[PDB]
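*Asks:* This is upload-v8.cif (mmCIF, C-alpha atoms and all ligand atoms).
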```cif
data_start
#
loop_
_atom_site.label_atom_id
_atom_site.label_comp_id
_atom_site.auth_asym_id
_atom_site.auth_seq_id
_atom_site.Cartn_x
_atom_site.Cartn_y
_atom_site.Cartn_z
CA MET D 1 -16.09 66.45 51.13
CA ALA D 2 -17.21 68.39 48.04
CA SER D 3 -15.05 68.39 44.90
CA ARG D 4 -15.10 72.16 44.28
CA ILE D 5 -14.57 75.26 46.41
CA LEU D 6 -16.38 78.57 45.92
CA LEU D 7 -14.21 81.52 44.90
CA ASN D 8 -14.86 85.17 45.66
CA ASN D 9 -15.68 85.78 41.99
CA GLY D 10 -18.67 83.45 42.34
CA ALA D 11 -17.16 80.55 40.37
CA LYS D 12 -16.33 77.07 41.66
CA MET D 13 -12.80 75.65 41.50
CA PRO D 14 -11.93 71.93 41.65
CA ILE D 15 -9.90 71.25 44.78
CA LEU D 16 -7.70 68.74 42.97
CA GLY D 17 -5.75 69.70 39.87
CA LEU D 18 -2.89 68.35 37.78
CA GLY D 19 0.45 70.14 37.99
CA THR D 20 2.55 70.53 34.83
CA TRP D 21 5.90 72.06 35.86
CA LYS D 22 8.71 69.74 34.61
CA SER D 23 6.26 67.57 32.65
CA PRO D 24 8.24 66.88 29.48
CA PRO D 25 6.62 68.19 26.29
CA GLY D 26 6.69 64.68 24.79
CA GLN D 27 4.79 63.27 27.78
CA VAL D 28 2.48 66.03 29.00
CA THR D 29 -0.14 65.66 26.25
CA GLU D 30 -0.79 62.06 27.28
CA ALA D 31 -0.60 63.02 30.98
CA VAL D 32 -3.35 65.59 30.57
CA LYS D 33 -5.46 63.26 28.40
CA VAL D 34 -5.22 60.52 31.03
CA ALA D 35 -5.94 63.01 33.81
CA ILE D 36 -9.14 64.20 32.13
CA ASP D 37 -10.18 60.61 31.39
CA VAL D 38 -9.85 59.63 35.06
CA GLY D 39 -11.66 62.67 36.43
CA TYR D 40 -9.37 65.68 36.70
CA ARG D 41 -11.09 68.91 35.75
CA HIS D 42 -8.38 71.40 36.79
CA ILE D 43 -4.96 71.80 35.15
CA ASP D 44 -2.27 74.12 36.55
CA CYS D 45 -0.12 75.67 33.82
CA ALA D 46 2.37 78.46 33.23
CA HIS D 47 4.09 80.11 30.29
CA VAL D 48 7.48 79.69 31.99
CA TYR D 49 6.98 75.89 32.07
CA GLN D 50 7.47 75.91 28.25
CA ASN D 51 4.86 73.19 27.64
CA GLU D 52 1.56 75.04 27.30
CA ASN D 53 1.24 74.17 23.59
CA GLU D 54 1.38 70.46 24.45
CA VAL D 55 -0.98 70.82 27.42
CA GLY D 56 -3.32 72.61 25.03
CA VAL D 57 -3.23 69.78 22.50
CA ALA D 58 -4.63 67.48 25.21
CA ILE D 59 -7.31 69.91 26.37
CA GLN D 60 -8.45 70.54 22.80
CA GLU D 61 -8.58 66.84 21.96
CA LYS D 62 -10.71 66.06 25.01
CA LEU D 63 -13.05 68.95 24.20
CA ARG D 64 -13.28 67.75 20.59
CA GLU D 65 -13.92 64.16 21.74
CA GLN D 66 -16.66 65.56 24.03
CA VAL D 67 -15.16 63.83 27.04
CA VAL D 68 -15.80 67.11 28.85
CA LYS D 69 -17.35 70.49 28.11
CA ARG D 70 -15.28 73.67 28.37
CA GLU D 71 -17.48 74.92 31.23
CA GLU D 72 -16.52 71.78 33.22
CA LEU D 73 -12.79 72.50 32.99
CA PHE D 74 -10.88 74.88 35.23
CA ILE D 75 -7.67 75.95 33.50
CA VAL D 76 -5.11 78.04 35.39
CA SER D 77 -2.05 79.83 34.07
CA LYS D 78 0.36 82.47 35.30
CA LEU D 79 1.92 85.73 34.12
CA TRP D 80 5.71 85.37 34.11
CA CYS D 81 7.98 87.93 35.82
CA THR D 82 9.33 89.42 32.58
CA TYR D 83 5.79 90.55 31.62
CA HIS D 84 4.85 92.74 34.61
CA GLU D 85 4.60 95.90 32.45
CA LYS D 86 1.28 97.54 31.52
CA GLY D 87 1.92 97.08 27.80
CA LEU D 88 2.94 93.42 28.03
CA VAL D 89 0.31 91.79 30.27
CA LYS D 90 -2.44 91.36 27.68
CA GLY D 91 -0.09 89.88 25.10
CA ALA D 92 1.36 87.48 27.67
CA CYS D 93 -2.13 86.31 28.57
CA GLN D 94 -3.07 86.00 24.89
CA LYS D 95 0.04 83.93 24.10
CA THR D 96 -0.94 81.54 26.88
CA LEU D 97 -4.52 81.42 25.55
CA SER D 98 -3.27 80.73 22.03
CA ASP D 99 -0.93 77.97 23.22
CA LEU D 100 -3.58 76.35 25.44
CA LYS D 101 -6.08 76.75 22.55
CA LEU D 102 -8.56 78.47 24.82
CA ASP D 103 -10.75 81.56 24.51
CA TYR D 104 -10.52 82.29 28.27
CA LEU D 105 -8.71 81.13 31.39
CA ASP D 106 -10.61 80.23 34.53
CA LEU D 107 -7.84 81.75 36.65
CA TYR D 108 -4.76 83.80 35.81
CA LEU D 109 -2.13 84.39 38.49
CA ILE D 110 0.75 86.78 38.98
CA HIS D 111 3.35 83.99 39.12
CA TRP D 112 5.77 85.76 41.51
CA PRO D 113 5.48 89.24 43.05
CA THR D 114 8.79 90.27 41.42
CA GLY D 115 8.95 91.94 38.01
CA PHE D 116 12.06 91.34 35.88
CA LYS D 117 13.46 93.20 32.87
CA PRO D 118 11.45 92.27 29.75
CA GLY D 119 13.15 90.34 26.97
CA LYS D 120 13.68 86.84 25.67
CA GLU D 121 15.32 85.53 28.85
CA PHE D 122 13.01 84.39 31.64
CA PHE D 123 15.72 85.18 34.25
CA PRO D 124 17.69 88.18 32.95
CA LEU D 125 20.87 88.45 35.03
CA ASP D 126 23.52 91.08 35.49
CA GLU D 127 27.18 90.08 35.07
CA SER D 128 27.36 89.09 38.74
CA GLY D 129 24.35 86.79 38.60
CA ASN D 130 21.68 88.97 40.20
CA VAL D 131 18.29 89.11 38.52
CA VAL D 132 17.65 92.41 36.74
CA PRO D 133 14.45 93.93 38.16
CA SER D 134 11.76 95.91 36.47
CA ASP D 135 10.58 99.06 38.26
CA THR D 136 7.01 97.83 38.05
CA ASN D 137 5.21 97.35 41.35
CA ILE D 138 2.65 94.77 42.38
CA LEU D 139 -0.20 97.30 42.46
CA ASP D 140 0.17 98.41 38.85
CA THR D 141 0.59 94.78 37.79
CA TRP D 142 -2.65 94.03 39.65
CA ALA D 143 -4.46 96.80 37.76
CA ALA D 144 -3.30 95.18 34.51
CA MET D 145 -4.71 91.84 35.71
CA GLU D 146 -8.06 93.51 36.49
CA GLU D 147 -8.21 94.71 32.87
CA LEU D 148 -8.05 91.09 31.70
CA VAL D 149 -11.24 90.30 33.61
CA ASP D 150 -12.89 93.35 32.07
CA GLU D 151 -11.87 92.23 28.56
CA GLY D 152 -13.21 88.69 28.98
CA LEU D 153 -9.84 86.94 28.69
CA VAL D 154 -9.96 85.50 32.22
CA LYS D 155 -12.79 84.66 34.64
CA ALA D 156 -10.70 85.15 37.81
CA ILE D 157 -7.39 86.66 38.77
CA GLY D 158 -5.06 85.87 41.63
CA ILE D 159 -1.55 85.84 42.98
CA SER D 160 1.19 83.33 43.70
CA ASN D 161 4.09 83.37 46.17
CA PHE D 162 2.79 86.57 47.75
CA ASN D 163 3.71 86.95 51.41
CA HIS D 164 1.29 88.32 53.99
CA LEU D 165 2.42 91.92 53.57
CA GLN D 166 2.11 91.61 49.79
CA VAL D 167 -1.38 90.12 49.99
CA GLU D 168 -2.28 92.98 52.35
CA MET D 169 -0.84 95.50 49.88
CA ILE D 170 -3.17 94.21 47.16
CA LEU D 171 -6.18 94.17 49.49
CA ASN D 172 -5.39 97.75 50.52
CA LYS D 173 -4.80 98.96 46.94
CA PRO D 174 -6.41 102.35 46.31
CA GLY D 175 -9.31 101.82 43.93
CA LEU D 176 -9.10 98.00 44.09
CA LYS D 177 -11.64 96.60 41.62
CA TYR D 178 -11.31 92.83 42.06
CA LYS D 179 -9.86 91.05 45.07
CA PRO D 180 -7.46 88.21 44.32
CA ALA D 181 -9.43 84.96 44.16
CA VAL D 182 -6.47 82.71 44.98
CA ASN D 183 -2.96 82.82 46.45
CA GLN D 184 -1.00 79.80 45.19
CA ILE D 185 1.87 78.99 47.58
CA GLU D 186 4.17 76.12 48.48
CA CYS D 187 2.59 73.99 51.19
CA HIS D 188 3.23 70.52 52.59
CA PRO D 189 4.05 68.96 56.00
CA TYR D 190 7.56 70.49 56.02
CA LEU D 191 6.24 74.00 55.18
CA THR D 192 2.79 74.11 56.72
CA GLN D 193 2.10 77.82 56.23
CA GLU D 194 -0.37 78.18 59.09
CA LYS D 195 0.13 81.95 59.39
CA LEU D 196 -0.25 82.85 55.72
CA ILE D 197 -3.12 80.42 55.16
CA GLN D 198 -5.10 81.80 58.11
CA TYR D 199 -4.61 85.34 56.85
CA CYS D 200 -5.67 84.54 53.29
CA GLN D 201 -8.65 82.44 54.33
CA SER D 202 -9.80 85.16 56.73
CA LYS D 203 -9.97 87.52 53.74
CA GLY D 204 -11.89 85.08 51.53
CA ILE D 205 -8.89 84.24 49.35
CA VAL D 206 -8.62 80.54 48.48
CA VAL D 207 -5.17 79.04 48.93
CA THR D 208 -3.73 76.54 46.45
CA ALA D 209 -0.92 74.29 47.75
CA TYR D 210 1.87 73.64 45.28
CA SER D 211 4.66 71.06 45.56
CA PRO D 212 2.45 69.00 47.91
CA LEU D 213 4.72 65.96 47.51
CA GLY D 214 7.85 68.02 48.10
CA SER D 215 8.73 68.25 44.39
CA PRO D 216 11.19 65.33 44.36
CA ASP D 217 11.97 66.10 40.69
CA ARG D 218 12.89 69.76 41.31
CA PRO D 219 16.13 70.30 39.34
CA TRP D 220 18.04 71.70 42.34
CA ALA D 221 17.31 68.75 44.65
CA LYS D 222 20.29 67.60 46.70
CA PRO D 223 20.73 63.95 47.75
CA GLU D 224 20.54 65.04 51.41
CA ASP D 225 17.30 67.11 51.46
CA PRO D 226 14.32 65.88 53.51
CA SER D 227 11.89 63.63 51.63
CA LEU D 228 8.16 63.68 52.38
CA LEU D 229 7.44 60.62 50.30
CA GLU D 230 10.04 58.62 52.23
CA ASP D 231 9.27 59.99 55.74
CA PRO D 232 8.46 56.95 57.89
CA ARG D 233 6.09 59.01 60.06
CA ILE D 234 3.95 59.88 57.03
CA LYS D 235 4.26 56.37 55.64
CA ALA D 236 2.82 55.13 58.95
CA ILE D 237 -0.28 57.32 58.63
CA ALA D 238 -0.71 56.09 55.05
CA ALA D 239 -0.40 52.46 56.13
CA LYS D 240 -3.03 52.96 58.84
CA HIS D 241 -5.46 54.25 56.21
CA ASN D 242 -4.52 51.65 53.56
CA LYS D 243 -3.47 54.49 51.22
CA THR D 244 -0.18 55.57 49.68
CA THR D 245 2.01 58.27 51.17
CA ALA D 246 1.24 60.46 48.16
CA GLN D 247 -2.49 60.03 48.76
CA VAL D 248 -2.06 61.18 52.38
CA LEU D 249 0.02 64.16 51.19
CA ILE D 250 -2.77 65.14 48.77
CA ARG D 251 -5.66 64.60 51.21
CA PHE D 252 -3.88 66.69 53.89
CA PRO D 253 -4.28 70.10 52.17
CA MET D 254 -7.79 69.17 51.00
CA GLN D 255 -8.90 68.91 54.64
CA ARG D 256 -7.44 72.36 55.35
CA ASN D 257 -9.81 73.82 52.71
CA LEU D 258 -6.95 74.19 50.26
CA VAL D 259 -6.80 73.39 46.57
CA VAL D 260 -3.91 71.03 45.72
CA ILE D 261 -2.08 70.43 42.43
CA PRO D 262 0.19 67.36 42.46
CA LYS D 263 2.25 66.85 39.30
CA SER D 264 2.78 63.54 37.54
CA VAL D 265 3.43 62.28 34.04
CA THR D 266 3.07 58.64 35.15
CA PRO D 267 -0.41 57.39 34.19
CA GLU D 268 -0.70 55.06 37.20
CA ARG D 269 0.22 57.89 39.58
CA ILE D 270 -2.11 60.36 37.88
CA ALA D 271 -4.91 57.91 38.65
CA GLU D 272 -3.63 57.13 42.20
CA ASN D 273 -3.43 60.81 43.04
CA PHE D 274 -7.10 61.32 42.15
CA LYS D 275 -8.33 58.54 44.47
CA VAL D 276 -8.41 60.79 47.51
CA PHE D 277 -12.13 61.58 47.90
CA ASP D 278 -13.08 58.36 49.75
CA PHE D 279 -11.06 58.47 52.97
CA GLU D 280 -10.58 60.93 55.82
CA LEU D 281 -7.61 61.86 57.96
CA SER D 282 -8.56 62.28 61.62
CA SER D 283 -8.03 65.57 63.46
CA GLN D 284 -5.16 63.83 65.28
CA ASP D 285 -3.66 62.81 61.90
CA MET D 286 -3.97 66.41 60.70
CA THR D 287 -2.30 67.86 63.79
CA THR D 288 0.40 65.20 63.59
CA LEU D 289 1.14 66.09 59.95
CA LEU D 290 1.20 69.79 60.86
CA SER D 291 3.75 68.99 63.57
CA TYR D 292 6.31 68.06 60.91
CA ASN D 293 6.79 71.70 59.86
CA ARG D 294 10.43 72.65 59.49
CA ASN D 295 10.07 75.77 57.33
CA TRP D 296 11.72 73.91 54.41
CA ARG D 297 11.09 75.42 50.92
CA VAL D 298 11.34 73.68 47.56
CA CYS D 299 10.77 76.95 45.81
CA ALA D 300 13.32 79.66 46.40
CA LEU D 301 16.08 81.12 44.27
CA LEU D 302 19.31 82.82 45.30
CA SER D 303 19.63 84.90 42.12
CA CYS D 304 16.34 86.65 42.92
CA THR D 305 16.82 87.29 46.65
CA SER D 306 17.90 90.92 46.34
CA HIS D 307 14.86 91.95 44.30
CA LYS D 308 12.93 94.49 46.38
CA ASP D 309 9.80 92.32 46.18
CA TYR D 310 11.40 88.91 46.78
CA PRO D 311 8.81 87.29 49.05
CA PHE D 312 10.78 85.11 51.46
CA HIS D 313 12.55 87.61 53.69
CA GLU D 314 9.38 88.17 55.72
CA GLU D 315 8.45 85.50 58.27
CA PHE D 316 5.18 84.91 56.46
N1 LIG N 401 3.22 78.94 41.56
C1 LIG N 401 4.47 78.49 41.65
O1 LIG N 401 5.44 79.22 41.83
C2 LIG N 401 4.68 77.01 41.58
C3 LIG N 401 5.86 76.46 42.05
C4 LIG N 401 6.02 75.09 42.07
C5 LIG N 401 5.00 74.27 41.60
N2 LIG N 401 3.86 74.82 41.10
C6 LIG N 401 2.79 73.97 40.53
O2 LIG N 401 2.53 72.90 41.44
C7 LIG N 401 2.71 71.65 40.75
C8 LIG N 401 3.14 70.55 41.71
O3 LIG N 401 4.39 70.86 42.32
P1 LIG N 401 5.77 70.19 41.83
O4 LIG N 401 5.70 69.82 40.37
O5 LIG N 401 6.85 71.12 42.29
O6 LIG N 401 5.95 68.85 42.69
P2 LIG N 401 5.00 67.73 43.39
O7 LIG N 401 3.67 67.71 42.75
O8 LIG N 401 5.14 67.94 44.86
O9 LIG N 401 5.86 66.42 43.05
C9 LIG N 401 5.99 65.98 41.69
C10 LIG N 401 6.91 64.77 41.73
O10 LIG N 401 6.28 63.72 42.48
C11 LIG N 401 6.22 62.54 41.70
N3 LIG N 401 4.95 61.85 42.02
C12 LIG N 401 3.72 62.26 41.66
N4 LIG N 401 2.78 61.43 42.14
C13 LIG N 401 3.45 60.47 42.81
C14 LIG N 401 3.02 59.34 43.50
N5 LIG N 401 1.71 59.02 43.59
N6 LIG N 401 3.97 58.57 44.07
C15 LIG N 401 5.27 58.88 43.98
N7 LIG N 401 5.75 59.95 43.33
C16 LIG N 401 4.82 60.73 42.75
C17 LIG N 401 6.32 62.99 40.26
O11 LIG N 401 6.87 61.94 39.45
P3 LIG N 401 6.36 61.57 37.97
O12 LIG N 401 5.87 62.85 37.32
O13 LIG N 401 7.62 60.99 37.36
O14 LIG N 401 5.27 60.54 38.15
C18 LIG N 401 7.25 64.18 40.36
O15 LIG N 401 8.62 63.76 40.41
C19 LIG N 401 3.71 72.00 39.65
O16 LIG N 401 3.83 71.01 38.64
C20 LIG N 401 3.16 73.34 39.18
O17 LIG N 401 2.00 73.07 38.38
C21 LIG N 401 3.69 76.16 41.09
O1 LIG N 402 8.20 79.06 39.66
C1 LIG N 402 7.66 77.95 39.48
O2 LIG N 402 6.46 77.76 39.17
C2 LIG N 402 8.49 76.70 39.68
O3 LIG N 402 9.87 77.01 39.69
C3 LIG N 402 10.51 77.32 38.52
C4 LIG N 402 10.00 76.95 37.29
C5 LIG N 402 10.72 77.24 36.15
CL1 LIG N 402 10.05 76.77 34.59
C6 LIG N 402 11.92 77.91 36.18
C7 LIG N 402 12.41 78.28 37.41
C8 LIG N 402 11.73 77.98 38.59
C9 LIG N 402 12.34 78.50 39.86
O4 LIG N 402 13.54 78.71 39.95
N1 LIG N 402 11.51 78.85 40.84
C10 LIG N 402 11.99 79.44 42.07
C11 LIG N 402 11.80 80.96 42.04
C12 LIG N 402 11.85 81.66 43.23
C13 LIG N 402 11.68 83.04 43.26
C14 LIG N 402 11.44 83.72 42.07
BR1 LIG N 402 11.15 85.59 42.08
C15 LIG N 402 11.38 83.04 40.87
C16 LIG N 402 11.56 81.65 40.85
#
```
Kindly return the structure encoded in the file as C-alpha cells.
*Replies:*
Amino acid sequence: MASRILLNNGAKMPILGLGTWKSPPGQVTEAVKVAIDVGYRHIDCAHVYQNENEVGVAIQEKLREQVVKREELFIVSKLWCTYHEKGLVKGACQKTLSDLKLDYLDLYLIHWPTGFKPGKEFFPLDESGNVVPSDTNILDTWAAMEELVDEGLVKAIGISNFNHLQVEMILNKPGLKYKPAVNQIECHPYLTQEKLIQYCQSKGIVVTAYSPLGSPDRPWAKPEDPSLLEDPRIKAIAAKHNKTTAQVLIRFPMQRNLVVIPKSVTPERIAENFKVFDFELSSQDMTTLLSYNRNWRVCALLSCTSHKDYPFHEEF
C-alpha cells in the first residue's frame, strides 16, 4: 500500500502522521525529531494543544539539518473555536505559522464546527458552566478558510468533527470556492464511523482518524472505560500477525483508505507505530475489527453540548 493519499486539491498527504495533543512541551521537540528521523513526514498540530512552538523547534531543526526538505513534510494545524470570526482567522493561522516556524501549512482545519466567544480563554463559560457561543456560522468560517488558500498561507483547507449534515452544509454552500480536502474525526474499532466515512469518501473528502488507540491518556479517562489496547480480541489479531496491538490499530484505518495520526512521546513507540507498511490485515480481520463498534467516543464535552452546532446529537 502506498504511503500517501491524493487530496482533492491535487496534493499528496502521508497516510501516517504523528499526533501531538497532550505531548508535553518538554518532550514534544524530541518526539518530533525522532519521528522525522524514523520516517514520519506528517505532523498533526493545533493551537489549542499549547505546544506548537516546541513542535516547531523540531521541524525547524530537521529542516536546518537537511534531514528532510520542506516540500517533503506535511504539516497540519487547526483553527480553534474562539477564532471563528472573519477578522480573527488570518491572525490565528499566522500565530500558528509563527509558532511552527513555517511559511505555509499543508492543511488547516476548522477544529470543531462550533464557534465560541473570542478572548483569552479557550473554553469561555457562563456562570452555569455552558460554553458561550459566537454567532458565527460554519459557512462564513469556511469562506474565511478559503481566503487563506488565496493568500498563500495554506495549501489545503478542511474540517474536523463535522457530522454528515455539517459536511453537506459546506458542500452545498452558495458560491463554494474550495471543497474541504479532509474531515478529521475520531475513529477506531469502538467508533467505526462507517456512515460518515462512506459519505465523505463518496464526495472525495479524505478522512483522517484521530484517537486510533482510544486515547488512553485523555485527561477525562475513567478506570472503567473500554480499552482498545487491552482488548483480548484485538490482541489475538495482533498475535496472529506477529505485531503489537497498537500496530493493528494503526493498520486498520490505513486499509480503509484513511489517514491515521497516533500520538506518542515515547521514542520506542514512535518507531513501533511507523512499522505498519509491511503487513496486511485480511478482509476477515477488517470485518472482525469493524464488528467491535460500540459507538464509544473519546472526544466529547458536556459543557459544549448545547451549542447550536455541537456535532454529536445527529446519528452521524
Ligand atoms: N481533531 C480533533 O478534535 C482531535 C481530537 C483528538 C485527537 N486529535 C489528534 O489525534 C492524535 C491522536 O489521538 P490521541 O492523542 O487522542 O490518542 P491516541 O493516539 O489514540 O493514543 C495516544 C496514547 O497512546 C499511547 N501509545 C502510543 N503508541 C503506543 C503504543 N505503540 N503502545 C502503547 N501505547 C501507545 C500514548 O502514550 P505515550 O505518548 O506515553 O507513548 C498515549 O497515551 C492527537 O494527539 C491529536 O493530534 C485530534
Ligand atoms: O479537541 C481536541 O483536539 C482534543 O480534545 C481537547 C484538546 C484540548 Cl487542548 C482541550 C480540550 C479538548 C476537549 O475537551 N475536546 C473535546 C471537545 C468536544 C467538543 C468541542 Br465543541 C470541543 C472540545
*Asks:* Can you work out which one of D:308, D:78, D:269, D:240 has the shortest atom-to-atom distance to ligand LIG 401 (chain N), counting all atoms listed in the file?
*Replies:* D:269
*Asks:* Around ligand LIG 402 (chain N), out to 10 Å and counting all atoms listed in the file, which residues are there? I want them as a count of residues only.
*Replies:* 51
*Asks:* Go ahead and compute the interatomic distance for atom CA of residue D:93 and atom CA of residue D:110, in Å to one decimal.
*Replies:*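 These two atoms are separated by 10.8 Å.
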*Asks:* Just want the 10 Å neighbourhood of residue D:289, counted on only C-alpha atoms, with same-chain residues fewer than 5 positions away dropped. Output as a ChimeraX atom specification.
*Replies:* /D:188-190,192,233-234,237,248-249,252,281,283-284
*Asks:* Between atom CA of residue D:291 and atom CA of residue D:191, what distance in Å does the model show, to one decimal?
*Replies:*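 Answer for the atom CA of residue D:291 to atom CA of residue D:191 separation: 10.1 Å.
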*Asks:* Here is a test: counting all atoms listed in the file, which residue of D:262, D:226, D:91, D:267 is nearest to ligand LIG 401 (chain N)?
*Replies:*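 Among the listed residues, the smallest separation from ligand LIG 401 (chain N) belongs to D:262.
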*Asks:* Pick out the closest residue to residue D:286 from this set: D:253, D:17, D:204, D:223. Count only C-alpha atoms.
*Replies:*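 Nearest candidate to residue D:286 out of D:253, D:17, D:204, D:223: D:253.
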*Asks:* Between D:232, D:152, D:118, D:214, which one has atoms that come closest to ligand LIG 401 (chain N), using only C-alpha atoms and all ligand atoms?
*Replies:*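 Closest residue, counting only C-alpha atoms and all ligand atoms: D:214.
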*Asks:* Per residue of stretch 58-141 of chain D within 10 Å of stretch 27-34 of chain D, note the shortest atom pair and the distance in Å to one decimal, counting all atoms listed in the file, and order the rows by chain and increasing residue number, as JSON lines.
*Replies:*
```
{"residue": "D:58", "atom": "CA", "partner": "D:29", "partner_atom": "CA", "distance": 5.0}
{"residue": "D:59", "atom": "CA", "partner": "D:33", "partner_atom": "CA", "distance": 7.2}
{"residue": "D:60", "atom": "CA", "partner": "D:33", "partner_atom": "CA", "distance": 9.7}
{"residue": "D:61", "atom": "CA", "partner": "D:33", "partner_atom": "CA", "distance": 8.0}
{"residue": "D:62", "atom": "CA", "partner": "D:33", "partner_atom": "CA", "distance": 6.8}
{"residue": "D:67", "atom": "CA", "partner": "D:33", "partner_atom": "CA", "distance": 9.8}
```
*Asks:* Quick check, in Å to one decimal: how far apart do atom CA of residue D:141 and atom CA of residue D:76 lie?
*Replies:*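 Computing the Euclidean distance for atom CA of residue D:141 and atom CA of residue D:76 yields 17.8 Å.
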*Asks:* Skip residue D:119 itself and residues of its chain fewer than 6 positions away, then list as a count of residues only all residues within 12 Å of it, counting all atoms listed in the file.
*Replies:* 11
*Asks:* Neighbours of residue D:35 within 8 Å (only C-alpha atoms; same-chain residues fewer than 6 positions away dropped), as an MDAnalysis selection string?
*Replies:* chainID D and resid 18 267 270:271
*Asks:* Based on the selection just made, write C-alpha atoms of those residues as a compact mmCIF listing (two decimals), keeping the file's coordinate frame.
*Replies:*
```
# COMPACT_ATOMS: atom_id res chain seq x y z
CA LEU D 18 -2.89 68.35 37.78
CA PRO D 267 -0.41 57.39 34.19
CA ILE D 270 -2.11 60.36 37.88
CA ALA D 271 -4.91 57.91 38.65
```
*Asks:* Extract, using all atoms listed in the file, all DNA, RNA and protein residues at most 9 Å from residue D:73, discarding same-chain residues fewer than 3 positions from it, and format them as JSON, numbers by chain.
*Replies:* {"D": [14, 40, 41, 42, 43, 59, 68, 69, 70, 106]}
